[PDB]
Amino acid sequence: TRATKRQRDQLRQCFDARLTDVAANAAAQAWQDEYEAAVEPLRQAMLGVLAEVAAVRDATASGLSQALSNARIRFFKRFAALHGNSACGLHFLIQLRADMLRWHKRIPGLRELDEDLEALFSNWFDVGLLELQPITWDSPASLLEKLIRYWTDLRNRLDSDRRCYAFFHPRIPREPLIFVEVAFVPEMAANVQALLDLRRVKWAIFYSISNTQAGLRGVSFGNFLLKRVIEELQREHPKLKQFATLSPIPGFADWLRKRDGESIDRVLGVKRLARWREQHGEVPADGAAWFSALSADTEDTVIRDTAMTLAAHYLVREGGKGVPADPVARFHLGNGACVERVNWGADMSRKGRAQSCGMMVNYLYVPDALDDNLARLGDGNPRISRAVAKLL
Amino acid sequence: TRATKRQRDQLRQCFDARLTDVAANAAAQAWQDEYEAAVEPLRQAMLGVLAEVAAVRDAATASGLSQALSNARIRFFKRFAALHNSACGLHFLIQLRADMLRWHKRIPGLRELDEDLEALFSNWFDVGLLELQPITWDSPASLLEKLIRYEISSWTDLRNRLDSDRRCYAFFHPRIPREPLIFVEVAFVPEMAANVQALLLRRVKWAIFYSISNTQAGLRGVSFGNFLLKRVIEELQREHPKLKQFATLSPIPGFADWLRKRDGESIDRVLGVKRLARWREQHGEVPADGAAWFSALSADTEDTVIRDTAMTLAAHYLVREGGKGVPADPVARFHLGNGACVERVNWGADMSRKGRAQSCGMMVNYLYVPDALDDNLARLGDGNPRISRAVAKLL
Ligand SMILES: [Mg+2]
């Protein structure tokens, strides 16, 4: 407890003093510097002090929880207001959450600080407050090297028949927050290997949307994220009317192998179960066995249909009400999209086959429907196309 | 595919050929070298090939496929554990699982390989097959530096822990010397310890285990058996036939995370009407839920009502929470799964920053009674953990 008492005092001001208090802000400015210029273990230790200070007050039970919540929030608000080596107070806060996130298992007691900040980060970095910028092969190398971490590959993705953007917070230029990759093709894509590999093109397809900030993992950017990109695409090409994605279904395999036989029988239905026995005999004993049976032949029509029905069910009817179990389905469904179609042999990479038997999905975005769909999702009734309803 | 087809062929033999097949073993020997001498991304890629091969069968019913796939993965590991860079085939397998474990999120499709190997590792490294060795300040520095990695960075900490009034051991697999598998730290004191900060020969009567750690990343999650501490006590009794008192001063790491996930209703049921009444009388409002309970129980380390309330919640957590015969707490599961008895809950036992954050600074003593370890191990399978009077009273 040498200088660790100076940091405690500093943090007490940042947590307890009013936002305007010039002294407390000075203290915050001080703590930041000392944190940015510190070895990895020193920071992990400073985080231990922070979770120490955040857990107590320097008096009902309901009033304690509230006072503790209000101080943690006050602590972050003060830092987000300081306009060092990072872009500003808001930026620092992003790196700080990066550490809290990777060291959670080492430094206990940050769960509440992490949850609060994540929630603040959802208001501060809401898409409505972010600026959209086009990214090309002409962009600064120092910027382009932030999208690789989260070069000829970049090139093709950044080519004439391609369009890429990045959302930035106005006061943190240089630091891309979200990276959107778009491809132009004649038909709504059904195989990802084609894309990653302007005359008469009619389809705009989003084949990649990634969060490029570790400190922002888990933060919600709003439901108008792609809506905003489409507006930019229409301004750029008023002739573009067809918008869809060719997304993965990452949590399909892990979900399937957790289901027993009974649940899958209920999903498939009597007719599908019968078509399976007729072609393959024995019905897999459970989900795990189902995954192994559905990966054994990418050519079989019964396997294809069975897998596609299981996939449509997974992304449309699995989740805690209005919240698709699949993260990818949650994002796109949570942006006003419609689950338009399931694609077999869409991603035959090693990873694709391991995540969903190489199955991908197309989420269709219809400008003048995004609102209606966003509503229907809250009712726990995801917007679906005829082809997908037929698989169910 | 320039060479990724050579590894696929190699792996096919290792998975499909008989264990004796000289060619397949050669192939395995080859794949190992190529893996040990490869950049991080190259290995992550080779792991992608492995999960590719493990998911399919070369050139059958559905139940027969799952079995054939299980039998090949098992055959793949058995072949490697039989060979003699790393100490041997078995050792390599340990590092291989180290990568599978840290890259699971990056390289999908290893879940089955990981599960199978973890299960094999439980038979191969069962305590009954491991040799016990004393560790002192005289041990090779190259060995001592494997226990620091897995406890201040100052070797002076190792020193005190490796001193006259202390006794430390390490379990090694006979064919992998140099590589400690488990590290046990023991302290000798006059009274069953109630405060960890203290531990860190003339008239000492208590032998207490204040630390037991797995020193191999590739072995995380593997079960070493229920005779782990039993074996160490035998060594302690051989060494000091006068020692009859054995206990631990363990942490309760998952207490806080469990508590904040409980609603008010569940805690009311745990505490009981009388305790809830004693709480209102002294502190007024009852915390709305578990999260609020944790914040209220951390606000005053001096209050007697807070202490008792927290201790009851703690005893409940480790004795009555878990999927039948399997204590929710990992630390409670290990020690309960070794024949121990939850002997007592200690308030203000670990007042470190971490201690207060994990369990409000509360620690627990698991008592080991040689001629009872079996009986307790049985009672735990019935979902009725062995408990002392003091802990039953908290419940
Ligand atoms: Mg209540």
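Under the annotation held in the PDB entry, chain B carries the name Malonyl-CoA decarboxylase and is attributed to Cupriavidus metallidurans. This entry's official PDB title is "Crystal Structure of Malonyl-CoA decarboxylase (Rmet_2797) from Cupriavidus metallidurans, Northeast Structural Genomics Consortium Target CrR76".

Chain A is annotated in the PDB entry as Malonyl-CoA decarboxylase from Cupriavidus metallidurans.

(A) Seen up close, a positive patch on the surface. On the surface, A:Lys105, A:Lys258, B:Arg111 and B:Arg220 cluster together into a positively charged patch. When you line up the elements, B:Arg111 lands in helix α6 (residues 111-124).

(B) Region of the structure containing unusual backbone geometry. Residue and element names in this part refer to chain A. Its identity is not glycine, yet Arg174 carries a phi of approximately 85 degrees, on the positive side. By relative accessible area, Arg174 is classed as exposed at 59%. Of note, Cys357 is a non-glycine position whose phi angle comes to about 65 degrees, a positive value. Within the element layout of this structure, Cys357 appears in the loop between α16 (350-356) and β7 (360-365).

(C) Structural view of the interface of chain A and chain B. Each side of the interface is counted separately: chain A has 26 residues, and chain B has 27 residues. At the surface where chain A touches chain B, the tally comes to four salt bridges. Two residues, B:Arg353 and A:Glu52, come together in a salt bridge whose shortest N-O distance is 2.6 Å. Summed over the shared surface of chain A and chain B, the number is six residue pairs in polar contact. At the level of secondary structure, the elements contributing two or more residues to the side of chain A that touches chain B comprise α3 (40-55), α4 (61-81), α6 (111-124), α13 (287-294) and α16 of chain A.

(D) Inspection of the nonpolar core at higher detail. The biggest cluster of nonpolar side chains holds 100 residues, and the ones touching the most others in it are B:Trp124, B:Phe125 and B:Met362. For this core, the element with the most residues is helix α14 (residues 304-320) of chain B, which contributes 10 residues. Among the nonpolar cores identified, the runner-up in size contains 99 residues, and A:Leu96, A:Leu113, A:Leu315 and A:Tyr365 belong to it.

(E) Representation of a negative patch on the surface. Residues and elements named next belong to chain A. Negative charge collects at one region of the surface, where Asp260, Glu262, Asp265 and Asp286 lie side by side. If you trace the backbone, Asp265 turns up in helix α12 (residues 261-280). With a relative accessible area of 30%, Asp265 lands in the partly exposed category.

(F) Representation of the sheet that holds strand β7 (residues 363-368) of chain B within the structure. Residue and element names in this part refer to chain B. The seven strands lie next to each other as β1-β2-β3-β4-β5-β7-β6, forming an open sheet whose pairing is mixed. Taken across any chain shown, the strands that pair with only one partner, and hence form the sheet edges, are β1 (131-135) and β6 (341-346). The average angle at which neighbouring strand axes cross in this sheet is 30 degrees, direction not considered. Judged from the five bridges that link them, β6 and β7 form a sheet pairing that is antiparallel. Looking at the pairing, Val345 lines up with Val364 of β7.

Parameters and conventions
Residues numbered from 1 in each chain as written, not as in the entry; some residues may be left out. Chains lettered and ligands numbered in written order. Heavy atoms only, no water. Patch = residues over 30% accessible without salt bridge, like charges linked within 9 Å, V, L, I, M, F, W, Y side chains within 5 Å. Areas by Shrake-Rupley, 256 points an atom, 1.4 Å probe, with all protein chains shown as cover. Salt bridge = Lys/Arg side-chain N within 4 Å of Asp/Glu carboxyl O. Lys, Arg positive; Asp, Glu negative; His and termini not counted. Charge placed at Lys NZ, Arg CZ, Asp CG, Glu CD. Helix = DSSP H or I, 4+ residues; strand = E, 2+ residues; numbered from the N terminus. Buried < 20%, exposed > 50% of the residue type's maximum accessible area, 1.4 Å probe, protein only. Contact = heavy atoms within 4.5 Å. Polar contact = N/O pair within 3.5 Å; in protein donor to acceptor, adjacent residues only side chain to side chain. Core = buried A, V, L, I, M, F, W, Y, C linked by side-chain atoms within 4.5 Å. Pairing = 2+ DSSP bridges. Axes fitted to C-alpha atoms, helices over the stretch in contact; angles between N-to-C directions.

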